[PDB]
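J.: the data below comprise the sequence and an experimental structure of the protein.
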Amino acid sequence: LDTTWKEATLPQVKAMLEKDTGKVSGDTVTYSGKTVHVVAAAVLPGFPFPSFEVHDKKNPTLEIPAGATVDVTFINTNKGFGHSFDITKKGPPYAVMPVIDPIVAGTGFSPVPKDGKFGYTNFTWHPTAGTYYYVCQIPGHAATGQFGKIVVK
Ligand SMILES: [Cu+2]
């Protein structure tokens, strides 16, 4: 798993969240092109805890083209809490400690926001067509809704 966390100030966080390359329709972020960039954050201000925001939407379904290289940037913007971002074929409902192996791509637990900074990380995924879920593994978070769906096809 990706366990390499970089620091970003708020302006840097904002700059990165604006780099998401999907187009929203309804509650679905649709990506297109050979290389796509998903930028996800764990609980942006104004959004409910615990949740992931992608392209200013709460736990949206991500529609990605089969064959695409997916560059994911995961930013933990939630002061006081660690969060993870792990892609899996296992769907909800999630146990308090989610039983989601195999994790096809994802992160370990992030650090908590410190000294006016936020931890973030980037990983690359080369999905095979199918339905997947992006879920947080911090105990209880997925059970209380911190997950979304990914449809690769
Ligand atoms: Cu979490």
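T.: Good, I have the coordinates. Numbering: from 1, shown residues only.

J.: the spatially most central residue of the chain: which element?
T.: Taking Cα atoms, centre = their mean, the centroid of the chain lies closest to residue 40, which sits 4.3 Å from it. If you go by DSSP states H and E, residue 40 is part of strand 35-42.

J.: roughly how far apart are residue 33 and the ion?
T.: Look at residue 33 and the ion: by Cβ to the ion, to the nearest Å, they are 29 Å apart. The way it works is simple: take the backbone N, C-alpha and C, and place the C-beta from them, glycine included.

J.: that residue is in contact with residue 21, isn't it?
T.: Yes: contact criterion Cβ atoms under 8 Å: residue 33 and residue 21 qualify, at 7.1 Å.

J.: just want to know which of those two has more residues nearby.
T.: Taking neighbours as other Cβ atoms under 10 Å, residue 33 and residue 21 compare with residue 21 leading, 16 against 10.

J.: you'd agree that one is up against residue 29?
T.: No: counting by Cβ under 8 Å, residue 21 sits too far from residue 29 to count as a contact (9.2 Å).

J.: one step back: the helix or strand just after the strand holding residue 40 near the ion anywhere?
T.: Proceeding N to C from strand 35-42, the next assigned helix or strand is strand 52-54, under DSSP H and E. No: Strand 52-54 is not in contact with the ion by Cβ under 5 Å from the ion; minimum separation 8.3 Å.

J.: which residues of this structure lie near the ion?
T.: Looking at the ion, the residues of the chain close enough under Cβ under 5 Å from the ion are 50, 83, 136, 138, 141, 146.

J.: may I ask which of these has the most neighbours?
T.: residue 136 (32 neighbours).

J.: for it, which residues are in contact?
T.: By Cβ atoms under 8 Å, 6 or more residues apart in numbering, residue 136 lies in contact with 42, 50, 52, 83-86, 142, 146-147.
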